[PDB]
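Student: Quick one: the structure is below, and I'll ask about it shortly.
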Amino acid sequence: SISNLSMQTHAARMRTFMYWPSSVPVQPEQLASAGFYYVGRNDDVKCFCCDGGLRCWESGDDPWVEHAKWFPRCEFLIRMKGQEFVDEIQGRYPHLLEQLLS
Amino acid sequence: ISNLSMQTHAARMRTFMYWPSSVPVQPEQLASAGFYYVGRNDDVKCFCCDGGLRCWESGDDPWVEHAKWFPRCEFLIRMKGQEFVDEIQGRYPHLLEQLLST
Ligand SMILES: [Zn+2]
Ligand SMILES: [Zn+2]
């Protein structure tokens, strides 16, 4: 089941990036593709499905890889990228929680 | 070892001089688990992994919580063994997941 039903369509999530800051390296179209919509503060985004938030976007960052890095059990992510992809990314970062708790 | 001067059990109990009497976990249970008081609220850190714990509600086990949040702690494993750590880890498989929902 979905966390934000109003942002289920690409068109809608993509509609929120109207005043997405120019200095942010990642583009609104990659973000909307990954299910992320702009919450209207700084560069904070949320996924319409898992309600998982992401911020501090830097050059090279991949919305799909980050989605799998931080919210691996999101139904939408699995369905679009597959369990293999999620397993691989989760494979790269086994000590994520530990690293947060430093 | 993060804090060499909190190595001994006796040095650890000493930091609980200004420990609040309202917090329902005694300095004894906390010093045995490797924790010393850092002087603010009820924040404690382990002399080894430097893991920090707070918000001690009633019925909390310093050893269980050590295993819960800092399972790779050498001191925790030496005192309680890898089996205890695995058991508590299985009781909480989605720990990082529950953090990021807030
Ligand atoms: Zn998601
Ligand atoms: Zn420790």
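Starting from 1 in every chain, residues are counted up; chains themselves are A, B, ... following the order of the structure tokens, and ligands are numbered from 1 as listed.
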Provide as a PyMOL selection string the residues of chain B at most 9 Å from chain A, counting only C-alpha atoms.

Tutor: chain B and resi 50-52+69-70+72+95-97+100-101

Student: Next, dump the selected residues to file, keeping only C-alpha atoms, as a PDB file, in the first residue's frame.

Tutor:
```
ATOM      1  CA  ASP B  50      32.092   4.423  22.025  1.00  0.00           C
ATOM      2  CA  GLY B  51      28.454   3.606  21.322  1.00  0.00           C
ATOM      3  CA  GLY B  52      26.071   5.965  23.092  1.00  0.00           C
ATOM      4  CA  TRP B  69      22.752  -1.014  18.774  1.00  0.00           C
ATOM      5  CA  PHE B  70      26.483  -1.848  18.916  1.00  0.00           C
ATOM      6  CA  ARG B  72      30.283  -5.426  16.810  1.00  0.00           C
ATOM      7  CA  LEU B  95      16.346  -1.518  13.268  1.00  0.00           C
ATOM      8  CA  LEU B  96      17.772   1.017  10.786  1.00  0.00           C
ATOM      9  CA  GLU B  97      14.452   0.736   8.919  1.00  0.00           C
ATOM     10  CA  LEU B 100      14.256   6.292   9.151  1.00  0.00           C
ATOM     11  CA  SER B 101      10.424   6.196   9.365  1.00  0.00           C
TER      12      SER B 101
END
```

Student: Do you have, as JSON lines, the list of residues of chain B lying at most 12 Å from ligand 2, each with its nearest atom pair and that distance in Å to one decimal, counting only C-alpha atoms and all ligand atoms and ordered by chain then number?

Tutor:
```
{"residue": "B:1", "atom": "CA", "partner": "ligand 2", "partner_atom_place_in_ligand_line": "1 (Zn)", "distance": 9.0}
{"residue": "B:2", "atom": "CA", "partner": "ligand 2", "partner_atom_place_in_ligand_line": "1 (Zn)", "distance": 9.2}
{"residue": "B:3", "atom": "CA", "partner": "ligand 2", "partner_atom_place_in_ligand_line": "1 (Zn)", "distance": 10.6}
{"residue": "B:6", "atom": "CA", "partner": "ligand 2", "partner_atom_place_in_ligand_line": "1 (Zn)", "distance": 11.8}
{"residue": "B:7", "atom": "CA", "partner": "ligand 2", "partner_atom_place_in_ligand_line": "1 (Zn)", "distance": 11.5}
{"residue": "B:30", "atom": "CA", "partner": "ligand 2", "partner_atom_place_in_ligand_line": "1 (Zn)", "distance": 11.4}
{"residue": "B:31", "atom": "CA", "partner": "ligand 2", "partner_atom_place_in_ligand_line": "1 (Zn)", "distance": 11.2}
{"residue": "B:32", "atom": "CA", "partner": "ligand 2", "partner_atom_place_in_ligand_line": "1 (Zn)", "distance": 11.0}
{"residue": "B:33", "atom": "CA", "partner": "ligand 2", "partner_atom_place_in_ligand_line": "1 (Zn)", "distance": 7.8}
{"residue": "B:34", "atom": "CA", "partner": "ligand 2", "partner_atom_place_in_ligand_line": "1 (Zn)", "distance": 6.3}
{"residue": "B:35", "atom": "CA", "partner": "ligand 2", "partner_atom_place_in_ligand_line": "1 (Zn)", "distance": 7.7}
{"residue": "B:36", "atom": "CA", "partner": "ligand 2", "partner_atom_place_in_ligand_line": "1 (Zn)", "distance": 10.8}
{"residue": "B:44", "atom": "CA", "partner": "ligand 2", "partner_atom_place_in_ligand_line": "1 (Zn)", "distance": 10.7}
{"residue": "B:45", "atom": "CA", "partner": "ligand 2", "partner_atom_place_in_ligand_line": "1 (Zn)", "distance": 7.7}
{"residue": "B:46", "atom": "CA", "partner": "ligand 2", "partner_atom_place_in_ligand_line": "1 (Zn)", "distance": 4.5}
{"residue": "B:47", "atom": "CA", "partner": "ligand 2", "partner_atom_place_in_ligand_line": "1 (Zn)", "distance": 6.4}
{"residue": "B:48", "atom": "CA", "partner": "ligand 2", "partner_atom_place_in_ligand_line": "1 (Zn)", "distance": 4.8}
{"residue": "B:49", "atom": "CA", "partner": "ligand 2", "partner_atom_place_in_ligand_line": "1 (Zn)", "distance": 4.1}
{"residue": "B:50", "atom": "CA", "partner": "ligand 2", "partner_atom_place_in_ligand_line": "1 (Zn)", "distance": 6.0}
{"residue": "B:51", "atom": "CA", "partner": "ligand 2", "partner_atom_place_in_ligand_line": "1 (Zn)", "distance": 5.8}
{"residue": "B:52", "atom": "CA", "partner": "ligand 2", "partner_atom_place_in_ligand_line": "1 (Zn)", "distance": 8.6}
{"residue": "B:53", "atom": "CA", "partner": "ligand 2", "partner_atom_place_in_ligand_line": "1 (Zn)", "distance": 10.3}
{"residue": "B:62", "atom": "CA", "partner": "ligand 2", "partner_atom_place_in_ligand_line": "1 (Zn)", "distance": 10.4}
{"residue": "B:63", "atom": "CA", "partner": "ligand 2", "partner_atom_place_in_ligand_line": "1 (Zn)", "distance": 9.5}
{"residue": "B:64", "atom": "CA", "partner": "ligand 2", "partner_atom_place_in_ligand_line": "1 (Zn)", "distance": 11.5}
{"residue": "B:65", "atom": "CA", "partner": "ligand 2", "partner_atom_place_in_ligand_line": "1 (Zn)", "distance": 10.1}
{"residue": "B:66", "atom": "CA", "partner": "ligand 2", "partner_atom_place_in_ligand_line": "1 (Zn)", "distance": 6.4}
{"residue": "B:67", "atom": "CA", "partner": "ligand 2", "partner_atom_place_in_ligand_line": "1 (Zn)", "distance": 8.5}
{"residue": "B:68", "atom": "CA", "partner": "ligand 2", "partner_atom_place_in_ligand_line": "1 (Zn)", "distance": 10.8}
{"residue": "B:69", "atom": "CA", "partner": "ligand 2", "partner_atom_place_in_ligand_line": "1 (Zn)", "distance": 9.2}
{"residue": "B:70", "atom": "CA", "partner": "ligand 2", "partner_atom_place_in_ligand_line": "1 (Zn)", "distance": 6.3}
{"residue": "B:71", "atom": "CA", "partner": "ligand 2", "partner_atom_place_in_ligand_line": "1 (Zn)", "distance": 8.0}
{"residue": "B:72", "atom": "CA", "partner": "ligand 2", "partner_atom_place_in_ligand_line": "1 (Zn)", "distance": 7.9}
{"residue": "B:73", "atom": "CA", "partner": "ligand 2", "partner_atom_place_in_ligand_line": "1 (Zn)", "distance": 4.6}
{"residue": "B:74", "atom": "CA", "partner": "ligand 2", "partner_atom_place_in_ligand_line": "1 (Zn)", "distance": 6.8}
{"residue": "B:75", "atom": "CA", "partner": "ligand 2", "partner_atom_place_in_ligand_line": "1 (Zn)", "distance": 5.8}
{"residue": "B:76", "atom": "CA", "partner": "ligand 2", "partner_atom_place_in_ligand_line": "1 (Zn)", "distance": 5.8}
{"residue": "B:77", "atom": "CA", "partner": "ligand 2", "partner_atom_place_in_ligand_line": "1 (Zn)", "distance": 8.9}
{"residue": "B:78", "atom": "CA", "partner": "ligand 2", "partner_atom_place_in_ligand_line": "1 (Zn)", "distance": 10.4}
{"residue": "B:79", "atom": "CA", "partner": "ligand 2", "partner_atom_place_in_ligand_line": "1 (Zn)", "distance": 10.5}
{"residue": "B:80", "atom": "CA", "partner": "ligand 2", "partner_atom_place_in_ligand_line": "1 (Zn)", "distance": 11.4}
{"residue": "B:85", "atom": "CA", "partner": "ligand 2", "partner_atom_place_in_ligand_line": "1 (Zn)", "distance": 11.9}
```

Student: For the atom pair CA of residue 80 in chain A and CA of residue 47 in chain A, what is the interatomic distance in Å to one decimal place?

Tutor: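 Computing the Euclidean distance for CA of residue 80 in chain A and CA of residue 47 in chain A yields 13.4 Å.
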
Student: Can you pull out every residue with an atom within 12 Å of ligand 1? Use only C-alpha atoms and all ligand atoms and format it as a PyMOL selection string.

Tutor: (chain A and resi 1-4+7-8+31-37+45-54+63-81+86) or (chain B and resi 100-101)

Student: Report the residues of chain B whose backbone DSSP state falls under helix (DSSP H, G or I), written as a ChimeraX atom specification.

Tutor: /B:4-6,9-14,27-32,62-69,74-91,95-99

Student: DSSP says strand (DSSP E or B) for which residues of chain B? Put them as a PyMOL selection string?

Tutor: chain B and resi 35-37+44-46+52-53

Student: Compile the contact shell of residue 42 in chain A as a list in words: residues with an atom at most 9 Å away, counting only C-alpha atoms, same-chain residues fewer than 6 positions apart removed.

Tutor: residues 20, 21, 55 and 56 of chain A

Student: Take the residues from that selection and write them out as a PDB file, in the first residue's frame, keeping N, CA, C and O atoms.

Tutor:
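What follows is the written file selection.pdb:
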```
ATOM      1  N   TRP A  20      12.700  23.829  -7.606  1.00  0.00           N
ATOM      2  CA  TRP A  20      13.878  23.046  -7.249  1.00  0.00           C
ATOM      3  C   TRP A  20      15.150  23.851  -7.566  1.00  0.00           C
ATOM      4  O   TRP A  20      15.359  24.264  -8.709  1.00  0.00           O
ATOM      5  N   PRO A  21      15.998  24.096  -6.550  1.00  0.00           N
ATOM      6  CA  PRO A  21      17.187  24.940  -6.729  1.00  0.00           C
ATOM      7  C   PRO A  21      18.102  24.519  -7.886  1.00  0.00           C
ATOM      8  O   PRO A  21      18.356  23.330  -8.084  1.00  0.00           O
ATOM      9  N   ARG A  55      18.215  13.755   1.162  1.00  0.00           N
ATOM     10  CA  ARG A  55      18.709  15.133   1.053  1.00  0.00           C
ATOM     11  C   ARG A  55      20.222  15.237   0.836  1.00  0.00           C
ATOM     12  O   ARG A  55      20.928  14.228   0.801  1.00  0.00           O
ATOM     13  N   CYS A  56      20.701  16.469   0.688  1.00  0.00           N
ATOM     14  CA  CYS A  56      22.121  16.757   0.453  1.00  0.00           C
ATOM     15  C   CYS A  56      22.641  16.092  -0.821  1.00  0.00           C
ATOM     16  O   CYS A  56      23.709  15.477  -0.821  1.00  0.00           O
TER      17      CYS A  56
END
```

Student: What is the CA of residue 20 in chain B-CA of residue 38 in chain B distance in Å, reported with one decimal?

Tutor: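 CA of residue 38 in chain B lies 12.2 Å from CA of residue 20 in chain B.
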